[PDB]
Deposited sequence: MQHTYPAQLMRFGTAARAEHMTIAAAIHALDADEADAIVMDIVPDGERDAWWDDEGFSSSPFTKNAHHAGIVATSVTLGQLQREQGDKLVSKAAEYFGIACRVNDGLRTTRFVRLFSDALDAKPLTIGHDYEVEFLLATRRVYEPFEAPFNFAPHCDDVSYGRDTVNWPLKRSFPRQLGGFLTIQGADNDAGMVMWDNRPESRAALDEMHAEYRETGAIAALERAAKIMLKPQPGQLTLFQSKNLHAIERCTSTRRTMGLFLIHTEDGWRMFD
């Protein structure tokens, strides 16, 4: 039997439901399309540093970075990505952060193929950047090189999960819109519309959820929805990964 934690469950256009839930229950609600985001109070004050300094992080290419590459550069970056994951996952799988999900869901690292593992998770440092802050979505199928990207299947309930460790001075958080771009090319066009026009005209019609996750909070959300992290005024630290629910069970990757 599992720990329950204070949770706020958010759906577009609706007041947040406040409940005490297990991690597996929050993840089930998302996978059932019963929530767009859930924010949970996981780590109490004073214990936040221990999750970051966890010895399993000790010893970085992300899948989102791998997806940007094309042709021979995608072959060479895939070699870096998969070669690295194997060096670092032995440590990551022991982290309290990764164990949150392996325990709750019986999750395992996503594998390709012999089977070799995707990278499990990343610690993320956000340094002050004076920009709009950047809207993107995460979908394991969204390689820029459509032909040569080898994960061609989309999971409509793919989740992002990140635990906030240090918050920015200005309390920088996340905006999530009711908009799901259909492909990497669609996001890539949206980026060009932003840089030229300062805006994304399609968004002025979309409902948005603004989230300000605090130190110790885990934010779980449907990562296919467009979203963006606000400009930070000082250092923000988070740890995160993504989840997909496969025929063989829950799988984790970053």
- prompt: Which deposited-sequence positions, grouped into ranges, are missing C-alpha coordinates?
  reply: 60 to 74, 129 to 130, 151 to 152
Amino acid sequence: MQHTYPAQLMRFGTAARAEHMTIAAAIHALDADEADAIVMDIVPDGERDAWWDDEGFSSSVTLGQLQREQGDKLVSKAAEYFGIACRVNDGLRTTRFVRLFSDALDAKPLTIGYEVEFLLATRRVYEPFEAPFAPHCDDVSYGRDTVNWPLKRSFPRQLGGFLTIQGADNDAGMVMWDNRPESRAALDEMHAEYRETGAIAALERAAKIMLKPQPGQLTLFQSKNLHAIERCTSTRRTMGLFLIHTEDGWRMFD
From here on, numbers count along this sequence of modelled residues.
- request: Using the B-factors recorded in the PDB entry, average over the C-alpha atoms of 120 to 128 and of 78 to 86, then report which stretch comes out higher.
  value: 120 to 128
message: If you average the CA temperature factors as listed in the entry, which stretch comes out higher, 238 to 246 or 14 to 22?
response: 14 to 22
message: Per the entry's Cα B factor values, which of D31, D41, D49, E69 stands out as the maximum?
response: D49
- request: Just grab whichever of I27, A201, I209, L226 has the top CA B-factor as deposited.
  value: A201
- prompt: For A168, does the deposited CA B-factor place it in the lowest, middle or highest third of the chain?
  reply: highest
- line: In terms of its chain's C-alpha B-factors, the third that includes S102 is the middle
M252 CA temperature factor, ranked by third within the chain: lowest
- prompt: Going by what the PDB entry lists, where does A185 fall on CA B-factor within its chain: lowest, middle or highest third?
  reply: middle
- prompt: For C137, does the deposited CA B-factor place it in the lowest, middle or highest third of the chain?
  reply: middle
